[PDB]
Amino acid sequence: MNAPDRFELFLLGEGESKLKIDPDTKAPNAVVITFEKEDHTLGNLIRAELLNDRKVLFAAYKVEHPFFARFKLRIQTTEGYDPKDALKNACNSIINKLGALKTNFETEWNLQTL
Amino acid sequence: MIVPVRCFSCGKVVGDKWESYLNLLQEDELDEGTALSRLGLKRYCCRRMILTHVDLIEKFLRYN
Amino acid sequence: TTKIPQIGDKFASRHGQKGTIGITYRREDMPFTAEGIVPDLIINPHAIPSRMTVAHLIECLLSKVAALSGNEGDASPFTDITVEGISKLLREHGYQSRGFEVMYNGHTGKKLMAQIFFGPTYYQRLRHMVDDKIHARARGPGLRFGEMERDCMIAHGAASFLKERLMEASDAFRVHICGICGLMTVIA
Amino acid sequence: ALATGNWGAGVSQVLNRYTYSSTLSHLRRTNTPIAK
Amino acid sequence: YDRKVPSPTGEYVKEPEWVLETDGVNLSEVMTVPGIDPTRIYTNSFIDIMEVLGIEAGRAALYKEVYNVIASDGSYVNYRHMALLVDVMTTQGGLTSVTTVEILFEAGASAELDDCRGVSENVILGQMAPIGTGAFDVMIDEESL
Amino acid sequence: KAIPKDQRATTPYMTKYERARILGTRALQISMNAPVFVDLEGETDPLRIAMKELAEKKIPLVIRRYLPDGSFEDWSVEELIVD
Amino acid sequence: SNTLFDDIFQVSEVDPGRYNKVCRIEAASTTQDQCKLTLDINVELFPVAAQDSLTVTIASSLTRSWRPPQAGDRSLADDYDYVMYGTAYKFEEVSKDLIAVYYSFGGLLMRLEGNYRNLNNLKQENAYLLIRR
Amino acid sequence: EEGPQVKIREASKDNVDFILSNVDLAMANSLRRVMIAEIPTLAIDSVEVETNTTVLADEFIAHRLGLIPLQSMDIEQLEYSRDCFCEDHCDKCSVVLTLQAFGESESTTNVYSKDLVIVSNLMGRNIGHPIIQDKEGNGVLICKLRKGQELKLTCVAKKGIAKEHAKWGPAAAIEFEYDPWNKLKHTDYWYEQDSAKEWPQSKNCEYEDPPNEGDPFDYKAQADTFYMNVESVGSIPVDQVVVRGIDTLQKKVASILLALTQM
Amino acid sequence: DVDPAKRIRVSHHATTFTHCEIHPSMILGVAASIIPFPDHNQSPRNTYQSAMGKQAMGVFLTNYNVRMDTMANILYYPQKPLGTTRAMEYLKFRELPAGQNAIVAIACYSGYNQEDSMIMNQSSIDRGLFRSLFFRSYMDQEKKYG
Amino acid sequence: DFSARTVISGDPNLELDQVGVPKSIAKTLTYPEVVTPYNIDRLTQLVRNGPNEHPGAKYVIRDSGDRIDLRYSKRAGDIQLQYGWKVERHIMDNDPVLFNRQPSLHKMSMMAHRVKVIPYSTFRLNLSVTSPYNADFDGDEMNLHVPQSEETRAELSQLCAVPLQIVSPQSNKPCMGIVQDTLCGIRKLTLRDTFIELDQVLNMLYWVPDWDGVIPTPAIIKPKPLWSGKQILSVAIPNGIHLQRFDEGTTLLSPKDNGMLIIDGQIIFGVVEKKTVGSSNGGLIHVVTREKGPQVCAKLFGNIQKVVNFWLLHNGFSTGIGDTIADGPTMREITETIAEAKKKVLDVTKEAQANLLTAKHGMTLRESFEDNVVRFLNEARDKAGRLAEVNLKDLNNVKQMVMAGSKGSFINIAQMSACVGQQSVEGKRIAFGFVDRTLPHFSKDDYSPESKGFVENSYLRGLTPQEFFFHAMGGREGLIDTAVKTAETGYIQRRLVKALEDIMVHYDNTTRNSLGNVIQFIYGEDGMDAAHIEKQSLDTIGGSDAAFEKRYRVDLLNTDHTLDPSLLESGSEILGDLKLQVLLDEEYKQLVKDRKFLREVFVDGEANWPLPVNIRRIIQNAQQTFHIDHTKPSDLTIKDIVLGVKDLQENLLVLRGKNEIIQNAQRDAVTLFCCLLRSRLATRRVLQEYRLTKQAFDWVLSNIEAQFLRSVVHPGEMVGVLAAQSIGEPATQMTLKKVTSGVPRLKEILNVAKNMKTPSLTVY
Ligand SMILES: Nc1nc2c(ncn2[C@H]2O[C@H](COP(=O)(O)OP(=O)(O)OP(=O)(O)O)[C@@H](O)[C@H]2O)c(=O)[nH]1
Ligand SMILES: [Mn+2]
Ligand SMILES: [Mn+2]
Ligand SMILES: [Zn+2]
Ligand SMILES: [Zn+2]
């Protein structure tokens with residue numbers, strides 16, 4: 001047939017990267033990062049954290065077509081604050097709060113019968 | 001043709017429930033809905049699975 | 001061969017309206033109900049009010065009850081079955097009675113402002129699918145360009161296209177021609 | 001004549017077997033050759 | 001019927017009028033009946049319109065029959081397209097309906113001159129048709145620097 | 001039978017059809033390695049080249065418009081207004 | 001940099017018609033026999049009742065992005081409850097020998113009848129609108 | 001332990017109902033999506049048919065095999081076949097199972113998934129075993145034979161994610177709700193005469209204070225508390241759908257940090 | 001005191017009946033006896049279903065494995081319809097069905113189901129929804145009249 | 001030959017002018033591209049990939065005419081291309097190709113699209129090209145054709161391309177608009193009460209592809225930053241777009257949120273529904289096409305779709321059996337509405353039964369009876385249906401679809417929820433096909449509603465058996481009528497096309513056949529292209545004589561009737577000036593004649609007629625563009641206006657010949673446009689209503705002139721075929737009084753039939 005293998009949704013082709021980072025021309029201190037073999041799972045999550053950061057002026061993501069697992073996230077920040085830093089700062093929160101949660105959970109689950 | 005292995009929609013295994021469902025009707029005399037709820041098939045997706053299966057293989061097995 | 005459903009294959013309820021699958025979505029990306037039930041199929045509301053296919057909607061209500069309750073639902077014509085009666089029974093089982101449910105957007109988890117008519121309905125897979133129907137003849141050694149197509153191209157004024165498309169590849173032979181008696185009598 | 005539909009012609013056709021009720025339907029069809 | 005007509009102060013008003021409508025047609029004679037307005041008589045038979053009032057008045061009836069058809073379904077087509085049709089139907093002076101070897105023999109004997117503007121004739125000759133993009137020639141501009 | 005440059009009575013504007021046929025005759029020649037008259041400020045696509053040509057008014061071609069009775073007027077690409 | 005009309009209004013009427021989040025106050029001035037307000041308000045973010053009363057100021061600042069709060073965690077050119085930002089589309093209904101200026105707050109609409117500030121109310125957009133209770 | 005808070009309310013070998021409390025909607029939905037889509041698991045994914053005189057076709061059978069859930073507690077210690085340096089499969093990337101059946105009896109012989117024999121070396125990682133949850137310990141019905149009929153097969157299982165095909169999904173339905181009263185006005189309720197008479201109250205409302213009619217809407221409130229319930233099919237116990245769920249996200253995010261570093 | 005939701009029936013103003021119908025749903029033929037609620041549908045639609053049903057895939061006979069016909073389509077997992085008609089019993093449609101009860105939502109959700117199109121669940125397809133077998137048979141004769 | 005055919009599907013993520021072509025189809029069709037230094041690297045790479053990896057290539061042909069086959073060729077990985085060889089490459093992104101849904105009955109059923117290579121197996125399209133193609137996604141297929149040379153590619157992109165067909169000649173309005181979901185939702189998005197919060201806003205903004213990066217300022221700042229639905233859509237409407245419209249009592253404070261007003265590409269007021277964003281004479285797509293050009297108009301469909309369908313994906317919309325149930329009280333009213341019509345019927349019955357009814361004039365008794373009972377029974381249906389419509393709430397999803405314009409109408413509400421109504425066969429009630437009865441369940445001579453086909457029930461309630469059978473009688477008659485219409489229409493369509501096919505416009509502006517005969521001395525009587533014509537109102541025509549003389553008369557010798565000096569800087573100085581007043585008398589005399597002329601043209605008084613050059617929208621632009629204060633006298637002078645408007649008329653040229661004859665033709669061609677013109681730019685309007693400056697006014701003119709000139713039809717156009725396809729195409733959507741009508745009439749016309757079915761004289 002014409003159906004792209006399903007592995008293509010999670011696994012990089014020859015020459016593809018996890019990220020491509022590009023400068024946005026429209027406004028200052030802005031970037032657009034395209035994430036390959038990812039989808040809303042990550043894209044809505046990174047995005048939503050970038051907005052809990054008050055040095056974050058803009059953030060937003062989209063999957064431009066549903067047939068490809070790739071998203072595009074646009075971050076704008078205050079002058080002096082690199083956007084790629086805002087994405088370490090935000091990926092770092094995430095991983096921390098989940099950290100947290102797998103512990104609060106692993107716990108609640110021994111306090112348990114059946 | 002056979003009980004499908006899972007609910008098409010939610011994935012719950014349901015292919016280990018057919019002999020029991022049919023035992024629960026003919027042997028212990030429950031109505032079809034009480035029976036399905038006894039096997040724990042409580043969303044209408046899984047219930048539709050067993051309730052509307054047709055075991056056609058039982059016909060196919062009569063040929064030689 | 002086994003045929004697994006694909007973009008392009010046709011399907012229909014039993015109320016006289018078909019569709020082809022325009023895309024598939026894995027379950028995570030589908031909208032879902034607080035019980036985590038998710039649709040196997042999603043059909044557009046715009047296909048409803050002009051066709052006045054009310055029985056589609058009543059089959060889906062009656063079908064929801066039937067699943068919940070384990071009885072076959074009586075959909076014969078000319079009985080006393082009513083939507084009101086159907087809707088009672090489905091309330092007794094804890095859902096809102098016109099077959100709406102709150103659902104949640106898959107991409108985000110957030111609730112949907114509107115609620116969704118949701119239920120089982122019987123769908124048929126029809127024969128005659130995207131793999132039987134796709135062909136693509138461009139030579140090496142419908143699907144035409146007839147009188148009407150030509151006329152469209154004339155309307156647009158596309159003469160070069162009309163000459164390329166309707167030519168021979170039967171080669172352009174050359175010939176001398178008297179300018180008095182236009183005939184191909186000239187000895188060259 | 002059974003192999004053809006040669007009679008009046010379309011009088012004999014191959015039985016449909018797409019689905020069980022399309023068969024029953026074919027066995028129960030009628031035809032009217034050629035004022036309302 | 002209501003008829004929009006200017007009022008004494010200048011604005012358009014409704015003024016009802018009785019009108020008669022018939023089954024059947026005899027235009028040349030009913031026109032002549034005392035008491036009617038012979039300037040505004042009509043019929044949907046545009047042939048009779050042409051027979052009594054002439055080709056132009058037939059042309060205008062015919063347009064108005066075609067327009068009625070199109071509008072009665074509720075759609076709208078620009079004037080010029082139905083104008084073109086109706087002109088083609090009335091340019092020889094009457095109402096003309098719009099609805100191989102053998103033929104070349106006749107061409108021969110009649111001395112048929114083919115203008116070569118059609119798309120098929122041009123195809124057979126390996127050419128573009130003088131329509132649209134082919135209705136002019138393009139040439140190399142030796143007059144330029 | 002030819003109509004002197006003055007006295008020409010047809011539109012001084014280029015038509016969609018002339019435009020299309022120009023651009024396309026010229027991209028055909030650009031496509032077969034014919035010399036170009038304009039600065040390729042990057043472009044590789046023959047139609048696109050052609051259009052930059054048309055815009056810089058560097059397409060040396062003439063449009064011969066026949067009138068229904070056989071006579072004709074010659075309009076240069078340079079001169080035709082492009083709207 | 002300014003403010004530009006400012007007054008106190010009596011509420012005649014609150015119509016929600018057909019909507020649930022938004023209503024149309026009909027208000028008067030306590031003061032001028034002449035100056036009126038017909039105005040669209042988000043009633044869920046800022047409720048309002050018959051005869052309540054309203055301190056209303058058009059103003060025109062304190063066109064670049066918009067940046068979130070922060071500047072706003074001291075910088076408020078607002079001591080008010082309720083601030084909208086719109087655009088005047090005016091028609092200077094210049095009617096009787098009183099003015100009407102129009103304004104649209106992403107389509108919540110206003111109208112001022114009156115007269116004294118014809119040399120006052122911007123020809124123009126950049127127009128904020130401000131309410132305390 | 002500050003952060004996202006947990007609160008189990010029920011638990012069972014099969015389900016775990018809980019409440020996440022102090023998190024964003026996004027993280028909560030994301031962990032939902034991961035549990036559905038990306039936790040690795042083991043599943044028949046190649047089947048070689050020596051004999052089938054069965055009244056089903058082979059791919060019909062094969063498909064059913066890929067759906068029998070197979071033990072998967074030790075699946076971190078199986079490598080993905082595509083990552084392994086073997087030619088094809090081996091014991092580091094694969095369990096191999098066998099199936100033989102013959103209708104010996106007069107009466108009809110069923111084939112169940114307990115009739116599945118592992119034939120490869122497990123290195124005592126608890127994987128591969130057909131899961132069995134019915135009183136009679138038959139597990140799933142795969143097929144049925146008539147006296148004289150035969151079926152012989154081998155299968156290879158392989159680690160996989162439900163993205164790739166749902167057979168590899170550990171989760172079944174995942175209940176998920178928030179704001180049962182509707183206080184957030186995230187949804188707008190359709191009704192004929194009265195929205196409250198006509199919509200049923202969620203079970204999750206008891207847990208949460210009804211609102212009071214005066215109360216002018218709360219513009220500042222956010223969605224901070226989520227009523228979940230994860231249901232497992234059994235190839236992975238439950239608590240583990242969650243924890244490997246949380247763990248799978250956390251690794252996705254880290255592959256992003258790792259790839260900033262590599263720029 | 002009638003049920004406001006029942007349809008209006010116009011009574012027996014008749015003391016002369018000689019007969020009575022057995023059942024009014026018996027005016028229908030085979031195809032239209034598989035539509036649920038045809039009396040709630042605009043009439044041409046019941047006509048187009050009566051054609052489409054003839055194109056659906058089901059199990060045309062139990063013996064298919066043994067016949068050899070030019071073409072055949074059998075669905076993997078026929079289900080009987082949650083909403084049936086009393087006529088079906090005689091048409092055996094519950095025994096040899098030609099469909100599946102699909103969970104359906106009616107919604108705009110992403111725009112990929114406009115203009116009589118549909119979004120289907122890929123996970124559900126993975127697990128078997130609407131999958132089917134297709135068979136083709138080819139024949140050939142031998143020598144002849146040479 | 002170089003073409004493919006498959007199943008079509010919609011895609012909200014494709015541009016209007018794209019078509020998605022599956023990869024496997026793109027590997028089968030090819031374009032021969034010549035090697036040159038501009039492409040010899042890409043061609044090399046494409047050769048190296050070969051026939052089965054897309055972007056690749058199937059053959060290489062050299063100097064010789066030798067055909068190298070890449071799939072066999074033992075040297076297939078070792079080709080060193082030369083300048084001047086050819087490579088036949090797969091088609092690829094952005095190649096023009098032509099796409100067509102059959103039957104192709106008008107030219108927008110065959111448009112050129114930009115390829116986009118995609119995975120699975122359907123050709124995919126934007127939703128908004130569906131309606132020209134008359135296509136949708138339940139099995140339809142369409143054909144794709146690949147042009148084979150450079151000239152052929154240029155024709156297709158510079159004349160057939162989709163964005164160039166937005167506005168069609170057929171009806172001088174767009175043929176493409178926003179439909180279905182995006183139209184259900186753009187209204188929802190645009191209601192008063194819809195606000196969006198910041199998280200959602202920024203994702204909608206990023207979703208428009210050429211958002212400048214500016215977050216607009218929110219309509220609510222105060223308790224909370226909340227932006228409106230209107231503002232967010234507005235980010236897709238480009239700058240310098242103005243549009244206004246009043247509906248039944250719209251005002252500039254639209255209490256209802258009616259009408260529409262949009263200024264500098266921002267929505268001010270009004271809900272966006274089918275009249276603004278549909279395919280409508282004068283809405284947004286028609287305005288943007290003309291003010292900014294076809295490309296930008298074509299992006300706008302994709303930017304509105306992106307934004308709105310995002311929004312709608314998270315808002316949700318559905319419909320269900322509940323949306324057809326009307327209130328207990330409404331039902332009782334519906335059932336009484338119906339009870340009263342049956343009592344009307346019963347009296348008109350009893351009446352004819354006692355011989356007391358009169359017929360009137362040639363109409364039989366029984367025909368009068370029938371006519372009356374059917375009016376009763378229809379008028380019942382309708383009231384019962386109005387009842388139901390009213391009772392449904394704004395959240396009723398059926399009603400929401402109807403209000404948006406995206407699907408369904410009153411009759412559908414009505415038949416679903418209130419009552420389906422009288423069935424008919426050949427224009428009459430169900431006839432007595434058993435003897436004296438319609439079915440054996442009735443007794444003889446029964447003319448009541450039930451007996452002859454009134455279906456009292458709605459679809460929700462269901463039909464009884466008798467009604468069911470009569471509704472199927474009826475139905476059947478539509479299915480047959482429909483096949484006969486389709487067949488009848490198709491033959492007509494082919495015969496008009498054959499009759500007109502050769503008529504062309506020539507460079508003298510005359511319309512002629514292949515013989516050179518003259519059919520028309522100027523095309524369309526005005527020399528315009530019908531794509532460049534819009535409905536405008538001719539102001540002089542209507543109105544009272546008093547009102548016409550307040551608006552247009554300037555009397556500079558009268559203190560009441562001069563130009564107030566606040567209008568004009570010269571105002572003081574022109575009071576009492578005698579020679580200006582001579583000009584102005586001359587302008588008024590011309591307005592006066594204009595009005596009389598036009599009242600003879602349009603006897604009726606109809607003021608709105610299609611003309612080229614939408615003057616009101618040029619003025620409104622000038623007013624935005626020059627930031628024009630309604631509070632300052634203008635510096636225009638009398639003579640600037642008056643003689644500026646006369647001069648402009650001399651340059652609105654359609655014919656250019658130096659002789660008198662051609663001059664007259666020219667002046668006759670441009671008369672009606674010139675009346676519209678003088679009425680719109682008359683002195684008192686320019687100063688008192690428009691308030692133009694000199695600079696604005698000078699720009700108004702030079703633009704009217706450019707736009708006029710660009711409306712002139714182009715020689716070469718094949719207006720024949722066009723005419724034919726414009727008349728036949730809409731004669732095909734006649735799928736549907738006591739005069740022979742619609743298609744059979746239309747046969748009777750084109751056939752010139754001696755023996756017509758209903759000949760009639762109307763005599764005044
Ligand atoms: N705009 C619009 N079109 C409608 C509406 N309701 C139904 N349609 C149609 O119902 C008729 C037949 O049904 P369909 O089979 O769905 O139409 P179709 O898809 O063109 O049929 P195919 O030829 O098989 O492709 C068509 O003529 C369509 O116009 C409505 O409310 N609005
Ligand atoms: Mn359709
Ligand atoms: Mn179709
Ligand atoms: Zn289920
Ligand atoms: Zn290995």
# chains A, B, ... in the order shown; residues from 1 in each chain; ligands from 1
>>> residues_near_ligand(ligand="ligand 1", cutoff="7 Å", atoms="only C-alpha atoms and all ligand atoms", output="number ranges by chain")
C: 17-18, 49-51; J: 135-136, 138-140, 407-408
>>> residues_near_ligand(ligand="ligand 3", cutoff="12 Å", atoms="only C-alpha atoms and all ligand atoms", output="count of residues only")
26
>>> atom_distance(atom1="CA of residue 114 in chain C", atom2="CA of residue 229 in chain H")
23.8 Å
>>> residues_near_ligand(ligand="ligand 4", cutoff="8 Å", atoms="only C-alpha atoms and all ligand atoms", output="ChimeraX atom specification")
/B:6-12,41,43-47,49 /C:37 /H:172-173
>>> residues_around(residues="residue 62 in chain G", least_positions_apart="2", cutoff="8 Å", atoms="only C-alpha atoms", output="PyMOL selection string")
chain G and resi 1+60+76-78
>>> residues_near_ligand(ligand="ligand 5", cutoff="12 Å", atoms="only C-alpha atoms and all ligand atoms", output="PDB file with N, CA, C and O atoms, in the first residue's frame")
ATOM      1  N   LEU H  78      14.201  -6.864  28.721  1.00  0.00           N
ATOM      2  CA  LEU H  78      14.153  -7.350  27.304  1.00  0.00           C
ATOM      3  C   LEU H  78      14.523  -6.118  26.373  1.00  0.00           C
ATOM      4  O   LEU H  78      14.229  -4.973  26.633  1.00  0.00           O
ATOM      5  N   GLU H  79      15.357  -6.283  25.443  1.00  0.00           N
ATOM      6  CA  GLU H  79      15.767  -5.218  24.651  1.00  0.00           C
ATOM      7  C   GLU H  79      14.664  -5.332  23.499  1.00  0.00           C
ATOM      8  O   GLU H  79      14.151  -6.480  23.003  1.00  0.00           O
ATOM      9  N   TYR H  80      14.339  -4.125  22.951  1.00  0.00           N
ATOM     10  CA  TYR H  80      13.684  -4.023  21.556  1.00  0.00           C
ATOM     11  C   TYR H  80      14.491  -4.733  20.468  1.00  0.00           C
ATOM     12  O   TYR H  80      15.567  -4.471  20.221  1.00  0.00           O
ATOM     13  N   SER H  81      13.843  -5.603  19.783  1.00  0.00           N
ATOM     14  CA  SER H  81      14.414  -6.276  18.729  1.00  0.00           C
ATOM     15  C   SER H  81      15.201  -5.445  17.687  1.00  0.00           C
ATOM     16  O   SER H  81      16.184  -5.878  17.064  1.00  0.00           O
ATOM     17  N   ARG H  82      14.891  -4.185  17.571  1.00  0.00           N
ATOM     18  CA  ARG H  82      15.465  -3.364  16.565  1.00  0.00           C
ATOM     19  C   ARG H  82      16.703  -2.849  17.158  1.00  0.00           C
ATOM     20  O   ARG H  82      17.391  -2.518  16.407  1.00  0.00           O
ATOM     21  N   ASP H  83      16.865  -2.651  18.457  1.00  0.00           N
ATOM     22  CA  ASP H  83      18.062  -2.312  19.163  1.00  0.00           C
ATOM     23  C   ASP H  83      19.048  -3.436  19.362  1.00  0.00           C
ATOM     24  O   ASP H  83      20.197  -3.239  19.376  1.00  0.00           O
ATOM     25  N   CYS H  84      18.630  -4.638  19.249  1.00  0.00           N
ATOM     26  CA  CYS H  84      19.562  -5.764  19.432  1.00  0.00           C
ATOM     27  C   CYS H  84      20.362  -6.231  18.253  1.00  0.00           C
ATOM     28  O   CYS H  84      19.884  -6.286  17.112  1.00  0.00           O
ATOM     29  N   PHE H  85      21.571  -6.673  18.667  1.00  0.00           N
ATOM     30  CA  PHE H  85      22.601  -6.898  17.762  1.00  0.00           C
ATOM     31  C   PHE H  85      22.390  -8.293  17.250  1.00  0.00           C
ATOM     32  O   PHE H  85      23.190  -8.735  16.307  1.00  0.00           O
ATOM     33  N   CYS H  86      21.279  -8.960  17.601  1.00  0.00           N
ATOM     34  CA  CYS H  86      21.221 -10.272  16.944  1.00  0.00           C
ATOM     35  C   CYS H  86      20.867 -10.224  15.507  1.00  0.00           C
ATOM     36  O   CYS H  86      20.643  -9.147  15.057  1.00  0.00           O
ATOM     37  N   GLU H  87      20.855 -11.340  14.782  1.00  0.00           N
ATOM     38  CA  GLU H  87      20.387 -11.285  13.356  1.00  0.00           C
ATOM     39  C   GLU H  87      18.962 -11.576  13.667  1.00  0.00           C
ATOM     40  O   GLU H  87      18.720 -12.734  14.448  1.00  0.00           O
ATOM     41  N   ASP H  88      18.007 -10.759  13.275  1.00  0.00           N
ATOM     42  CA  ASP H  88      16.564 -11.251  13.626  1.00  0.00           C
ATOM     43  C   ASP H  88      15.950 -11.381  15.042  1.00  0.00           C
ATOM     44  O   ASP H  88      15.553 -10.357  15.570  1.00  0.00           O
ATOM     45  N   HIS H  89      15.774 -12.541  15.660  1.00  0.00           N
ATOM     46  CA  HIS H  89      15.522 -12.474  17.140  1.00  0.00           C
ATOM     47  C   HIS H  89      16.353 -13.371  17.994  1.00  0.00           C
ATOM     48  O   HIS H  89      16.863 -14.316  17.573  1.00  0.00           O
ATOM     49  N   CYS H  90      16.317 -13.216  19.233  1.00  0.00           N
ATOM     50  CA  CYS H  90      17.035 -14.118  20.117  1.00  0.00           C
ATOM     51  C   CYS H  90      16.478 -13.921  21.561  1.00  0.00           C
ATOM     52  O   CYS H  90      15.618 -13.165  21.858  1.00  0.00           O
ATOM     53  N   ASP H  91      17.200 -14.448  22.470  1.00  0.00           N
ATOM     54  CA  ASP H  91      16.737 -14.501  23.824  1.00  0.00           C
ATOM     55  C   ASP H  91      16.926 -13.194  24.424  1.00  0.00           C
ATOM     56  O   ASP H  91      16.391 -12.952  25.492  1.00  0.00           O
ATOM     57  N   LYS H  92      17.726 -12.299  23.855  1.00  0.00           N
ATOM     58  CA  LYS H  92      17.734 -11.011  24.549  1.00  0.00           C
ATOM     59  C   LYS H  92      16.526 -10.086  24.181  1.00  0.00           C
ATOM     60  O   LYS H  92      16.295  -9.143  24.873  1.00  0.00           O
ATOM     61  N   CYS H  93      15.867 -10.336  23.007  1.00  0.00           N
ATOM     62  CA  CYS H  93      14.880  -9.412  22.361  1.00  0.00           C
ATOM     63  C   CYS H  93      13.477 -10.171  22.137  1.00  0.00           C
ATOM     64  O   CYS H  93      12.698  -9.706  21.443  1.00  0.00           O
ATOM     65  N   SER H  94      13.235 -11.361  22.723  1.00  0.00           N
ATOM     66  CA  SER H  94      12.214 -12.261  22.296  1.00  0.00           C
ATOM     67  C   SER H  94      11.931 -13.445  23.185  1.00  0.00           C
ATOM     68  O   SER H  94      12.784 -14.240  23.385  1.00  0.00           O
ATOM     69  N   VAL H  95      10.724 -13.645  23.592  1.00  0.00           N
ATOM     70  CA  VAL H  95      10.208 -14.933  23.912  1.00  0.00           C
ATOM     71  C   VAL H  95       9.683 -15.664  22.819  1.00  0.00           C
ATOM     72  O   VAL H  95       9.070 -15.109  22.243  1.00  0.00           O
ATOM     73  N   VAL H  96       9.934 -16.931  22.554  1.00  0.00           N
ATOM     74  CA  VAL H  96       9.278 -17.762  21.540  1.00  0.00           C
ATOM     75  C   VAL H  96       8.271 -18.753  22.132  1.00  0.00           C
ATOM     76  O   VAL H  96       8.590 -19.311  23.123  1.00  0.00           O
ATOM     77  N   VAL H 156       6.720 -15.535  17.935  1.00  0.00           N
ATOM     78  CA  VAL H 156       7.633 -14.810  18.632  1.00  0.00           C
ATOM     79  C   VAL H 156       7.066 -13.561  19.262  1.00  0.00           C
ATOM     80  O   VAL H 156       6.648 -12.765  18.601  1.00  0.00           O
ATOM     81  N   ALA H 157       7.138 -13.373  20.555  1.00  0.00           N
ATOM     82  CA  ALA H 157       6.867 -12.168  21.107  1.00  0.00           C
ATOM     83  C   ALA H 157       7.955 -11.210  21.150  1.00  0.00           C
ATOM     84  O   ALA H 157       8.958 -11.551  21.050  1.00  0.00           O
ATOM     85  N   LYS H 158       7.673  -9.929  21.263  1.00  0.00           N
ATOM     86  CA  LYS H 158       8.554  -8.787  21.126  1.00  0.00           C
ATOM     87  C   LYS H 158       8.024  -7.635  21.882  1.00  0.00           C
ATOM     88  O   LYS H 158       6.859  -7.628  22.270  1.00  0.00           O
ATOM     89  N   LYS H 159       8.907  -6.767  22.352  1.00  0.00           N
ATOM     90  CA  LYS H 159       8.502  -5.664  23.241  1.00  0.00           C
ATOM     91  C   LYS H 159       7.943  -4.588  22.265  1.00  0.00           C
ATOM     92  O   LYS H 159       8.356  -4.491  21.166  1.00  0.00           O
TER      93      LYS H 159
END
